[PDB]
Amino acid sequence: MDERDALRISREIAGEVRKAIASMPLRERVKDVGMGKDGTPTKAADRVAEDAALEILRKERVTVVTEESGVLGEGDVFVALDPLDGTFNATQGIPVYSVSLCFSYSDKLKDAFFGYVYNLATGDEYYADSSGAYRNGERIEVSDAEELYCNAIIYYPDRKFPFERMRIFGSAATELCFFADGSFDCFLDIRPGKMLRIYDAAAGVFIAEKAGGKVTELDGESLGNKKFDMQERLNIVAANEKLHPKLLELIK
């Protein structure tokens, strides 16, 4: 498989998932229909998303690692799938929720060759391949903010901070893209519990780096060795090269 296949596949998936969710009323979306392999409830909105995405992905030779159904398939190409990221928003009809896909040539993030995040409520399309990073067909890049007085997405603020704005939109995959396109100056998930799973962050990290951002773990460590498995967990500190080390200091 190559980055063209992955774009094609991701778009087909985006199409079907969007259709499926859009036809499900909010009262159905919000129903708890099962337990996911990740250890959190699967809502009806999650199940329909994942079913639609897997219908397409299983026709391919990949190992899929996805939130509700866990690990599936046997291909040498690994795909990290969040069939619905921002499920709470989707259940409330709040326009920030996405399907997220990251394709890698091994079970480690350093081998990612394609990343794709699609806002299911608005139609906004983010992806990145070897040619750069895109939002709705147009090249994007991270902001050049250097001061701590910047616009931050942060999970979660638990002390006074120097930021100009703090926002928390409820979909990490999309919010990483809000960072990737310059909307926000940084994305921080510093929750001590280390809550992000590989399928939450992977596409967002790949897109953000291709947009020029520096994206690391809590302590500046590379994310390259994060595994595409259900056990993997992440903290993220992401910002342009100038701002990144300042934030690392700040959150010490």
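The first residue of the sequence shown is number 1, and the count goes up from there.
- Per-stretch averaging of Cα B factors for 85-93 and 155-163 places 155-163 on top.
- Mean CA temperature factor is higher for 58-66 when stretches 30-38 and 58-66 are set side by side in the entry.
- Across the residues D76, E138, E175, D181, the deposited record lists the maximum Cα B factor for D76.
- Of the candidates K43, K214, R197, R191, the PDB record gives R191 the highest C-alpha temperature factor.
- Sort the modelled residues of the chain by CA B factor and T122 lands in the middle third.
- Among all modelled residues in this chain, the alpha-carbon of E16 has a temperature factor (C-alpha) in the middle third.
- Per-chain ranking of the deposited C-alpha B factor places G170 in the middle third.
- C186: CA B factor lies in the middle third for its chain, per the PDB record.
- Among all modelled residues in its chain, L243 ranks in the highest third by Cα B-factor.
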